[PDB]
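Novice: experimental structure and sequence below.
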Amino acid sequence: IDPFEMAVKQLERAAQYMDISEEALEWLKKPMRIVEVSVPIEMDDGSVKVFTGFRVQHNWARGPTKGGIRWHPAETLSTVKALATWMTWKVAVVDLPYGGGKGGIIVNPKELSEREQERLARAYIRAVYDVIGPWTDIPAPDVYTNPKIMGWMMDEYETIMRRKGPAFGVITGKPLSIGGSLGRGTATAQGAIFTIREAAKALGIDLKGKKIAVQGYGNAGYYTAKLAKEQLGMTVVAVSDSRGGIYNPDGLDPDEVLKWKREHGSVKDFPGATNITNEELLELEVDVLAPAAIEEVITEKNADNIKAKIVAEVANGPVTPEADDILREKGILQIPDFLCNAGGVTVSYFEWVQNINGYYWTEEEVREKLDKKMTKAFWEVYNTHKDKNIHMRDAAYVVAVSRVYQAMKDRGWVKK
Ligand SMILES: N[C@@H](CCC(=O)O)C(=O)O
């Protein structure tokens, strides 16, 4: 099934639970500007190859649009549009002065050399310069793009811009040497930890000494486990990568597990732990569960088997709506996916603020501001959850769409 249709259906289901005019819904069902450009680069053999680049700006009622750039061979305009629509609600739920945006290039970056990658980044900037800017559209790292590409892109934008303004703020996720921000490596995990702490506070659970299980041991999963163990004082009992999983009731040390992963290539056969698979790992009796891996892991097949009191969807939509209803029926508190992992876009917003102001913060200041933003967003969503007696995901959609609708009404875009 197409992704943009999925996003529009999600938006309509959200609008079912809130009072929104028909014209506003029709406005929100369409991206406000879609730009498709040709991105020509000259390769190492001397030939010129043309790639397809996208830049979708779904809505900018609340402010300049925000969103990353994907370099995937399976990129489509539908995927970019759906992700921009998703980014609108993501920045709206955590109360940022941002709209929704998304870019992408249909390219296999594995077959490109470093020089070709730099040429691709610079050519993409030259192609989409007319629709981006510090106050118009702020790109960011995404799938198969990294801070190196972000720095190349910022340099090209500054060259075109003739240094007439804050060219550092045109793009986020930059290296620290050029307008980069601290806390940019643990943003998602720190936001997830703050949301988990707030959820435990709401449920009355003290996390000191409790159990956590994490699926997926990449950046997000590893940092989530590490920050949970240190800040929340919890007992990490199960971690897993795409290969396999391990279990130890007394507690695992995430640093040692990461070292083992680096050495042997996987978390398999970790000393002192029992090797398990992802599916049973999802069903251990643990206080909180943090799926930080491939989407759609909790379905109707295993939804009733979840024994976790809190499920923090660190990954992008790892739970299906049927599993959502089943989990809610069990009383299991769910943190919606675009609320749990909203720390990354919040820290990107902080980086943009630092670049715009010309003044840069420390790690402690970024951490405290992230704490404030995530706590306030979670409490807003939870209060909507209780007041409307609807699902947590539905409450997050209600909050985001209500904010965007209010901004649209204030500008006079929609009269009703
Ligand atoms: N959420 C996307 C892009 C949003 C942003 O960081 O600005 C990402 O994973 O990078």
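Specialist: All right, it came through fine. Residues are numbered from 1 along each chain as shown.
Novice: could you use CA atoms for every contact and neighbour count after this?
Specialist: Fine.
Novice: what does the stretch 301-416 of the chain put close to the ligand?
Specialist: By Cα under 6 Å from any ligand atom, the residues of the stretch 301-416 of the chain that approach the ligand are 344, 345, 348.
Novice: same check, this time on the stretch 1-150 of the chain
Specialist: Within the stretch 1-150 of the chain, the positions lying close to the ligand (Cα under 6 Å from any ligand atom) are 66, 67, 68, 140, 141, 142.
Novice: for the residue of the stretch 301-416 of the chain found nearest the ligand, which residues are in contact?
Specialist: The ligand sits closest to residue 345 of the stretch 301-416 of the chain, with a gap of 4.2 Å, by Cα to the nearest ligand atom. Listed by Cα atoms under 8 Å, 6 or more residues apart in numbering, the contact set of residue 345 reads residue 91.
Novice: start the count at 10, not 1, going forward
Specialist: With the count now opening at 10, the last piece we talked about shows up as residue 354.
Novice: specify the local secondary structure of it.
Specialist: On the three-state scheme (DSSP: H, G, I helix; E, B strand; the rest coil), residue 354 is labelled helix.
Novice: and for residue 276?
Specialist: Following three-state DSSP, residue 276 is assigned to coil.
Novice: ok, and the closest non-adjacent residue to it?
Specialist: Spatial nearest neighbour of residue 276, chain neighbours left out: residue 270 (5.0 Å); criterion: Cα to Cα, 6 or more residues apart in numbering.
Novice: next one: residue 408
Specialist: In space, residue 408 is closest to residue 102, 6.1 Å off (Cα to Cα, 6+ apart).
Novice: and for residue 125?
Specialist: In this structure, residue 125 finds its nearest non-sequential neighbour in residue 52, 6.1 Å apart by Cα to Cα, 6+ apart.
Novice: surely the one you found is in contact with residue 127?
Specialist: No - in this structure residue 52 lies outside contact range of residue 127 using Cα atoms under 8 Å: 11.0 Å.
Novice: neighbour-wise, give me the winner out of the residues of the stretch 10-159 of the chain next to the ligand.
Specialist: Within these, most neighbours by other Cα atoms under 10 Å means residue 75, with 33 neighbours.
Novice: for it, what are phi and psi?
Specialist: Here is the backbone geometry of residue 75 (degrees, to the nearest 10): phi -140, psi 150.
Novice: what's across from it in the sheet?
Specialist: With DSSP bridges as the criterion, residue 75 is bridged to residue 109, residue 147.
Novice: can you check the one 4 residues further on too?
Specialist: On the basis of DSSP bridges, residue 79 takes part in beta bridges with residue 113.
Novice: would you double-check that residue 66 falls in a strand?
Specialist: Yes - under three-state DSSP, residue 66 sits within a strand.
Novice: which residue, other than its chain neighbours, is closest to it?
Specialist: Leaving aside its chain neighbours, residue 66 sits nearest to residue 110 (4.3 Å; criterion: Cα to Cα, 6+ apart).
Novice: residue contacts, that neighbour?
Specialist: 64-68, 74-77, 92-94, 96-97, 146, 148.
Novice: most neighbours, which of those?
Specialist: residue 75 (33 neighbours).
Novice: check contacts around the residue of the stretch 110-259 of the chain found nearest the ligand.
Specialist: The nearest approach of the stretch 110-259 of the chain to the ligand comes at residue 151, 4.4 Å away (Cα to the nearest ligand atom). Contacts for residue 151 (Cα under 8 Å, 6+ apart) come out as 77, 78, 79, 80.
Novice: kindly report the same for residue 340.
Specialist: residue 318.
Novice: now residue 103. Nearest residue, chain neighbours left out?
Specialist: In space, residue 103 is closest to residue 386, 5.1 Å off (Cα to Cα, 6+ apart).
Novice: residues near the one you found, how many?
Specialist: 22.
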